Amino acid sequence: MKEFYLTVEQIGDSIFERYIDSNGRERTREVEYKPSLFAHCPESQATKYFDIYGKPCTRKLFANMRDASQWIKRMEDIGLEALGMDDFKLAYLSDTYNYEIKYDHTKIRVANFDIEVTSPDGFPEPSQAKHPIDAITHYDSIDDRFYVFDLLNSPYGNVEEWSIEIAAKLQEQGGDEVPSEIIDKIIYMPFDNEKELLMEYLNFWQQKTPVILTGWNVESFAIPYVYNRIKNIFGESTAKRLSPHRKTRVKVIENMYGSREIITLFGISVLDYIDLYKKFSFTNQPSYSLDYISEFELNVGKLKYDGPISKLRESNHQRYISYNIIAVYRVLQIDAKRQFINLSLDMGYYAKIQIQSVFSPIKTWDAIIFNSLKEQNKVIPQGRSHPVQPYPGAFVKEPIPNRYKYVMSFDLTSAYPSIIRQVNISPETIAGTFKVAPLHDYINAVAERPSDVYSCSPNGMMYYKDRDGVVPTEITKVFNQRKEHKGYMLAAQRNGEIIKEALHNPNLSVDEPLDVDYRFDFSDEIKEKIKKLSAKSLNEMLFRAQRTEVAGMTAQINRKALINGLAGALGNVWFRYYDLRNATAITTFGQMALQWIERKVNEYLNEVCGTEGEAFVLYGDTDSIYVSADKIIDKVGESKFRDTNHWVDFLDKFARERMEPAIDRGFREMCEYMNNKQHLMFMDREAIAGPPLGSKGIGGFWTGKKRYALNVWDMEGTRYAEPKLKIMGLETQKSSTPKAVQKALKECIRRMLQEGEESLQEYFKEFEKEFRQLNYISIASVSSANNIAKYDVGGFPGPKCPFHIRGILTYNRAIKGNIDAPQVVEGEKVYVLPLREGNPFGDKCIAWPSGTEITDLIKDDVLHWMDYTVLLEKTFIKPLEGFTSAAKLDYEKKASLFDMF
DNA sequence: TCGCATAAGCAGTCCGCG
DNA sequence: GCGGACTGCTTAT
Ligand SMILES: Nc1nc2c(ncn2[C@H]2C[C@H](O)[C@@H](COP(=O)(O)OP(=O)(O)OP(=O)(O)O)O2)c(=O)[nH]1
Ligand SMILES: [Ca+2]
Ligand SMILES: [Ca+2]
Ligand SMILES: [Ca+2]
Ligand SMILES: [Ca+2]
Ligand SMILES: [Ca+2]
């Protein structure tokens, strides 16, 4: 096989590399890599190296990496550009793997681990590590085994061995329900003392050294705890055995309000799953506890135990160990679904970076571009210092707040990356500038043509047309990957809808799910068999179809995120190719494209309807337009349609055969006007929205910018078995909104859009009457909590104290003195409840750590003093009043003359 | 919240507004 | 009460 790196490090003058050799074996080597950097040289000097602007360079070969680094310093002292890849391990990988990397994941050791630490005096601080590690479960992807290290003897209690038999039994048998599919994969090792547990763990680690190391909060908790505990018991040298090169570094992670420490293990790639999830999931969660995320992702119930975690080992060691094992398995289950490890490996190997660098789009793009340019013997410019400066972004149209009955939406495929490609925006393709007219003059095609030679953006920038820039070239490659995966995602989605339809009529038989590839649209053959399947088989097929869709979503959306990140990176001062001329060329072109095409669509529709000055485009944001289709429907007449699907077909056909060719023509003209390199503005129909045929539903509404709801029947070619709500920006979509309130508001919106005013009034009346019975967690607000100290004045709110921070200070006073009560962690999330006047907490609200039950010390007082009235008005009534006034209807029935009877 | 970008919404504080 | 100046937080794209 072709060789591939696993990890790469610079240690002084050596590159340390773990890799897979041509025989599939893991190896390690130390290489005295001689880096090359570059200086500009005279024209008379013959060379094959040129910088990105075509200026000649001489290559400087250094005796070692430190010499190269020192040379960079002296060049700065002199005041001359030191060109080339200054991150020598990236240059090493580029030299050593000069081909597209084909990797084999089965050879990559992926370790998933979790530790337990009993602590009587609150949270066990990893930097102190003063409490024994009493359990480690370490899953190894190569062995496919869970290695369980169990401490039987501790200062906090002596316990009996964990029992695998009890672990396997149902909760109803007094067991722990460790999933049967992992029971045979557990390798259990009890220890009589912590020293032997840890020594054996290190020996084990030496035999099975992780390449990718993951788990939940491992970078912030488990790794520094294990490192520091081993350090405290045995000394530094022993702790450094966690690194295959015996090198570690305390790295200080700084943010706006404070800093924290992690342990860098040289020769290991740490991909903490919490951070993978935050980057790649595109969710914003009320809590990031593993219990909360596991429930959300997998629909598994919370791991249930009595008493505090600090007493679980002594009271129920059996459950203590089983829950440690299950916790590791939960992360593997989330990854089986979401496939974030797979994504990380894909992206890292494509870019030729350390896998952990996938968290940084700047680093990722720096490596992609470097490798691309190196292939042509071109030399990358030195990174430079720039002051942070604001720059303009997208245009967003101010909508008239209203109901909107029939709506068709359109938006650009991969807008910003497509703009980059169309205009040819790149550091080395800048050709000059032209004299800019007000933006509206381009929007209206009255401004003079910018250039008859170069490709232009309305911010004043001109670009070469003779050759593609490196940025367009490399962005196109990832875009193409993205498009492939989105295709699979949409196919799985359409396939899911076929299964849902079939589930209306399940057959009474015993059969099996069909063995199919859900990434491809079901054939007629498959559709026929589906219509004969049982509900059991159909539900399993649906599950598989949805898993396939999830896998496609992960692959496509994060590739979309990467290419959009390149557009953003051009506006980040740490990017090697930072240039506000290019960043603004993208955004300003975007502003023009939207407003240009708004004008074109209005003109086209005013002509087909024979009207004048009529606005068909009601809204748009960045790269999208929302078109009122009421007049299109009314030109046919509602009574001509057999059912909802009939008018949806008509609008879909209208969008595809009339709207889109008109849109394409408008954009082709715009391309010629800007003299762009290639027409790539592809604005396809997104949504077709409206009320169910013959209902009193309103179809959709806008309250304002970035705030709307649509009843959608077809989304990017997916025809739903059941209508789906597209709700953007409203409180139903905000993690800060109480869970039960999100649900109630969504149902209010559903009723507005599908059924009408009277239905909405029925539901509001009922919700208002019953809501006090809702569980307190379900009706609590959520907020991130920053700067708790800033607003804390002797345990009380300082000036301008935010509401949620006030709540935390209330909590802090209420639990004062307790070393055991859960502490609110700076920067994490809290649940927030208002408190009625005259409560014993002495303030108007209380907050506690999100994803948790409030401590029993105060729970009862909180429940007793909860202000349901304030809660209802703020989270439910206020937003609903907003939705309904915008939509011009009433959530409460107004009096009429019929009341006289 | 270490990790690409800007636009823009709403909650809440403080305080004016005769 | 509401709204503006401001902070804080959270979305849409
Ligand atoms: N820098 C940056 N720009 C973004 C981000 N999200 C959206 N944008 C910008 C760039 C996008 O091309 C543009 C339109 O966003 P969309 O959500 O419509 O995505 P896009 O058109 O890229 O892909 P699509 O083909 O519509 O799925 O808005 C982001 O997270 N970072
Ligand atoms: Ca635990
Ligand atoms: Ca788009
Ligand atoms: Ca599309
Ligand atoms: Ca059937
Ligand atoms: Ca869009």
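Only heavy atoms go into these numbers, but all of them, side chains included; no hydrogens, no water, no symmetry mates. Within every chain, numbering begins at 1; the chains are lettered A, B, ... in the order of the sequence lines, protein sequences first and strands thereafter.
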Open item on the list: I'd like to check the salt bridge (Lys or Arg N to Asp or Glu O under 4.0 Å) partners of A/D579; sequence neighbours left out, ordered by chain and number.
Closed with: A/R581
TODO: Just jot down the side chain to side chain contact (heavy atoms under 4.5 Å, CB included) partners of A/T248, sequence neighbours excluded, or say none.
DONE: A/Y227, A/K240, A/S243, A/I263, A/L265
Open item on the list: Checking A/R599 now: which residues fulfil side chain to side chain donor-acceptor pair (under 3.5 Å) with it, not counting sequence neighbours?
Closed with: A/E603
Open item on the list: Applying salt bridge (charged side-chain N to carboxylate O under 4.0 Å, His left out) as the test, list every pair that has at least one member in residues 874-887 of chain A; sequence neighbours left out.
Closed with: none
Task: Sugar-phosphate only, base, or nothing, as touched by A/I362 at under 4.0 Å among non-hydrogen atoms - done: sugar-phosphate
- [ ] Tell me which residues in residues 411-427 of chain A put a heavy atom below 4.0 Å from DNA chain B, sorted by number, or none.
- [x] none
- [ ] Using a cut-off of strictly less than 4.0 Å between a heavy atom of the residue and any atom of DNA chain B, enumerate the qualifying residues of residues 788-807 of chain A by number.
- [x] A/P799, A/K800, A/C801, A/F803
TODO: Mind checking A/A394 for me? I need base, sugar-phosphate or nothing, with any heavy atom below 4.0 Å counting as a touch.
DONE: sugar-phosphate
Listed pairs, N/O of protein and of nucleotides 9-11 of chain B, under 3.5 Å:
none

Open item on the list: What contact category does A/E828 fall into here, base, sugar-phosphate, or nothing, at under 4.0 angstrom with non-hydrogen atoms?
Closed with: nothing
TODO: Write out all pairs satisfying salt bridge (charged side-chain N to carboxylate O under 4.0 Å, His left out) with one or both partners inside residues 728-743 of chain A, taking only residues at least two apart or from two chains.
DONE: A/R707-A/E731
Open item on the list: Using the side chain to side chain donor-acceptor pair (under 3.5 Å) criterion, which residues pair with A/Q10? Sequence neighbours excluded.
Closed with: none
Task: Under the salt bridge (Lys or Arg N to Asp or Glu O under 4.0 Å) test, residues paired with A/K486 that sit two or more places apart - done: A/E716
TODO: Could you check which of C/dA12, B/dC2, B/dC4 has an atom nearest any side-chain atom of A/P361?
DONE: B/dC4
- [ ] Using the torsion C1'-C2'-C3'-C4', state whether the ribose or deoxyribose of B/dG12 falls on the north (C3'-endo) or south (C2'-endo) side.
- [x] south
Extract all donor-acceptor atom pairs below 3.5 Å that involve side chains of residues 212-222 of chain A and protein atoms in other chains or at least two apart in sequence.
unit_1: A/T214; atom_1: OG1; unit_2: A/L271; atom_2: O; d: 2.6
unit_1: A/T214; atom_1: OG1; unit_2: A/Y273; atom_2: N; d: 3.3
unit_1: A/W216; atom_1: NE1; unit_2: A/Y288; atom_2: O; d: 2.8
unit_1: A/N217; atom_1: OD1; unit_2: A/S220; atom_2: OG; d: 3.3

Open item on the list: I need the full list of side chain to side chain donor-acceptor pair (under 3.5 Å) pairs touching residues 587-597 of chain A, with sequence neighbours left out, sorted by first then second residue.
Closed with: none
